[PDB]
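Worksheet: one structure, shown below.
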Ligand SMILES: Cc1ccc(C(=O)C[C@H]2CC[C@@H](O)[C@@H]3[C@H](O)[C@H](O)CN23)cc1
Ligand SMILES: *[C@@H]1O[C@H](CO)[C@@H](O)[C@H](O)[C@H]1NC(C)=O
Ligand SMILES: [Zn+2]
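Numbering (PDB author numbering), first residue to last: 30 to 1045.
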């Protein structure tokens, strides 16, 4: 049935980890092809019976924000490009053009009059204008979560099906900075047949070109059978621009970019301009161009050649359309009529190229190699590795993950009902999906846009978060109010969200205090949502105006609670210390919420005059020389003080953690009897080189290994409670916090790099674990891939994306660090993990951004730290390129990415309140998630349709008996099911009509989509 993703090592022609181990990475001058060699070809290879078929594919790379905002580029460039494309393609039936970014196309098309809409539909229908990929954007592939890659693909493709009646099956990704196998994974499950990539390490291009392995069947690293395979074309040269797409010599190719003759303010840096094609020069020009084509053709296996023709924001001016088209038409007429060339050249689209390639394949003309692995970390030249952008603008990287979850929760909570148009549910959800989708752009989440553009993305995401809150809170009120009492004002706020970790303590004072008092309001209802499809317990906290508060469920059962102070950290510019102040006007109440699968649970907070029976109070200990009193308004326990010292803590039956006198972890003891395993946190700093290339938004070019941050004598705060304990320390640039709730600790860093120019702050873990040169990092929150540290490569080359987690292990022990935000990281020595927190860079790194990174702001990074014994786990063999999380580590990741949502009832009394929603929902096996639940129809549809994306991960078998859980059949989650279909992941095509309207669960590492149809 299901493929074994652990025990069978796939046999592939190219495995990128193995390739990396063998390659030398020498950066030698290859001649005109600076990073290759002088290509030779046999002129007699092509003849009358075997011609070279050449497809010249016009394109225009349009960034949805970079140096300008989306709207600035739309007004100044893109609207003119699309307008002139429509005119010129309409008027010139053999001209072709491909388009990738649907965010721009939708913006344009909706502003068109009906006549022009019809013209546009016609040039798409007839194949002149072809959409490639069809996502809202061309996303980053390093930092993006797979769920958001799917979100943005679906946004663009849903628009294309509705308005243009097409669904692309070829993908075009010419600009992301390195490439991820998460893309073919999603694309192949979304009906795609082909994909194209460009930005891969120059040494990889050379190696694959030499073996004619630039076209390959890209399968997942664990895929033994090959069912995930997607045909992939890797472009061979340094850029997608015209000088680097006609052939190996940019000095020649530049002469065939007809926009470079002077009137457009562009020129050829190789000092030879293009010249207008005429009858007197066409033979000579053709000879030069065809020679380039035949050289490029040597790197591939068929007699069909792809020649992209484009660059950034090209095909704007009418004069540009003419100058490219007329000159190429003259070259085609000459070349195609001269038999001695044995070439047939034409304008084409991307699908046309792929179709012809596979025709050649089926004719037995070529067979293609299989490949697995990824294409990180990218270098475009010399030692310029693009690992900086794994961390750049970390505030917005963390915001990405927050909004990811709010979109999921808003779509899910509102999916349970059909909503009247007046509720504006669909409107708000579309806005939220679109702003988050926009941010997936390869200058959005990457932190590689100009300062004002970053601000635009932030403002858009803030509006998206507000839209999610509105939808979520309307949905909670409807789900938990007696139906005959339910009386909505769709503009009113029945609940406000409370979020403990975004923007976070010390980032924004954004949270509302629950105000109670005998003379004002004795009690308050709160509600938790659990977006995951299994019963879940999690500690939750709220701010309250009194420490004397107790918690009940809606059956009035007491719930054990803990009250702690509200601590905030301050750089005391008077004492020159970083130390905590306690609130005298508000307090934190903490309790364990238990919430049904995909459901809601209601609790009540009630004030009393004195300590309630079921509420305890944390002790607080401030460790510093030279202490002063710390009064806490009404809080019942006095703060204690002491000189700095080592401390040890244990919550519940959980691990025992020991800390240095500087408030940093030193060891973890898993059980009563077990060893105190050395696990040490350390903060260090990287600098920038004083001569040669400087680090910037893209590039990480350290001036050597990191140096320890000088800690001085930092102030340490220890809070000890029955339910939650913590150690917090004010370090230079970081308030570092270790929180213990009875399992793996949570780590929070409040990172404020301040005015520390040319500094990158790293958090490192030092252990004994005999990992050697092996570590594991994830790809897009989807899969874990084996990394091998290579000392033959510079430090920055050994940095990889940490989009959600990383681990090291030996035969017996593993340490896993899970993240709530994508950052860059590595293991630079056996037993180490490290992850960059922020970076402030004074210089530009010469990739067109034209600024450093000097717009840092405070950010709250979050993590879980999981130390485990793994000697009993069934792990992949030493040759397997994948790794897998344990149950504890997977749950720890879910706690960061999809926590419980918290809602505080806004008015004094909630008439008709109910205690629970979803008590009858199936509690699915722990490795299964309902990644997406989305109602697909508006209220006026006779047949309602609801879409589900189901993802099953793969967890290691380590000897824990599995408990019987319930089968999850998403098609029966809503009543009156009439049909259940398996669909592509975008929901746009039906793949299978399902027996008995039952949606089967998926295999480990598989993702499936289902749509249920409901007659009532
Ligand atoms: C002198 C110079 C050299 C290289 C470049 C790029 O690669 C720019 C590429 C890659 C980075 C990315 O931020 C940008 C935008 O997305 C543009 O589309 C071009 N991209 C630019 C200038
Ligand atoms: C859309 O394209 C399909 C498939 O080519 C065609 O049959 C149909 O007439 C077009 N219009 C629709 C489905 O409205
Ligand atoms: Zn770009």
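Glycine residues also receive a C-beta, built at the ideal position from the N, C-alpha and C atoms.
Residue nearest to residue 231 within the set 71, 390, 413 and 120 is 413 (criterion: CA-CA distance).
Between residue 41 and residue 466, the C-beta spacing is not below 8 Å. The set of residues with CB atoms less than 6 Å from any heavy atom of ligand 3 reads, in chain order, 90, 92, 204 and 471. Distance from the CA of residue 438 to the CA of residue 791, rounded to the nearest whole angstrom, comes to 32 Å. With fewer than three CB-CB distances shorter than 8 Å, the region 213-224 does not count as touching the region 308-325. Assignment of beta-bridge partners to residue 601 by DSSP yields 606. The beta carbon of residue 556 lies closer than 6 Å to those of 505, 629, 631 and 932 in the same chain, with the five residues before and after it left out. Residue 187 places its beta carbon 8 Å or farther from that of residue 214.
Using a cutoff of 7 Å, the CB of residue 341 counts as near ligand 1, since one of the ligand's heavy atoms is closer than that. For residue 1031, there is no enclosing alpha helix (DSSP H), as DSSP marks it with neither H nor E.
Rounded to whole angstroms, the separation of the alpha carbons of residue 302 and residue 849 is 51 Å. With fewer than 16 other CB atoms across the displayed protein chains lying within 10 angstroms of its CB, residue 537 is exposed. At least one heavy atom of ligand 1 lies less than 7 Å from the C-beta of residue 877.
By the neighbour-count criterion, in which 16 or more other beta carbons inside 10 Å mark a residue as buried, residue 120 falls on the exposed side.
The DSSP-derived three-state label of residue 420 is coil.
In chain order, 895 place their CB closer than 6 Å to the CB of residue 917, counting only its own chain and leaving out the 5 sequence neighbours on each side.
Of the other Cβ atoms in all chains shown, 16 or more fall within 10 Å of the Cβ of residue 611; this residue is therefore buried. Contact annotation: residue 164 and residue 185 have beta-carbon atoms nearer than 8 Å.
Between ligand 1 and residue 95, a heavy atom-to-CB distance of less than 7 Å is present. At a threshold of 7 Å, residue 477 counts as near ligand 1, since its beta carbon sits closer than that to one of the ligand's heavy atoms. Between the region 345-359 and the region 395-410, the count of Cβ pairs shorter than 8 Å is below three; the stretches do not touch. The beta carbons of residue 334 and residue 87 sit no closer together than 8 Å. Under a 10 Å Cβ-count criterion, residue 604 is classified as exposed, with fewer than 16 other Cβ atoms of the shown protein chains found around its own Cβ.
Look at residue 653 here: in three-state DSSP terms it is coil, with no helix or strand label. As for any beta strand (DSSP E) of minimum length 3 sitting wholly inside the region 923-997, the runs are 930-934, 957-964 and 973-981, ordered along the chain. One Cα belongs to residue 371, the other to residue 77, and the distance between them is close to 6 Å.
When the five nearest sequence neighbours on each side are left out, the beta carbons in the same chain lying within less than 6 Å of the beta carbon of residue 966 are those of 973 and 974, in order along the chain.
With a contact defined as Cβ atoms closer than 8 Å, residue 668 and residue 753 miss out at about 17 Å.
In terms of Cα proximity to residue 647, the closest of 583, 607, 746 and 1004 is 746. Proximity of the beta carbon of residue 732 to ligand 2 is not indicated: no heavy atom of the ligand is located closer than 7 Å. Apart from the 5 residues on each side of it in sequence, residue 743 sits with its Cβ closer than 6 Å to the Cβ of 691, 758, 759 and 760 in its chain, given in chain order. Every alpha helix (DSSP H) of 4 residues or more that sits fully in the region 196-232 is shown, in chain order, as 211-217. The DSSP assignment places complete alpha helix (DSSP H) segments of no fewer than 4 residues inside the region 63-133 at 99-102 and 108-120, in order along the chain.
Annotated three-state conformation of residue 58 is coil, per DSSP. The count of Cβ pairs closer than 8 Å, one atom from the region 95-113 and one from the region 468-482, reaches three, so the stretches are in contact. Cβ-Cβ separation between residue 814 and residue 403: approximately 6 Å, consistent with a contact (criterion under 8 Å).
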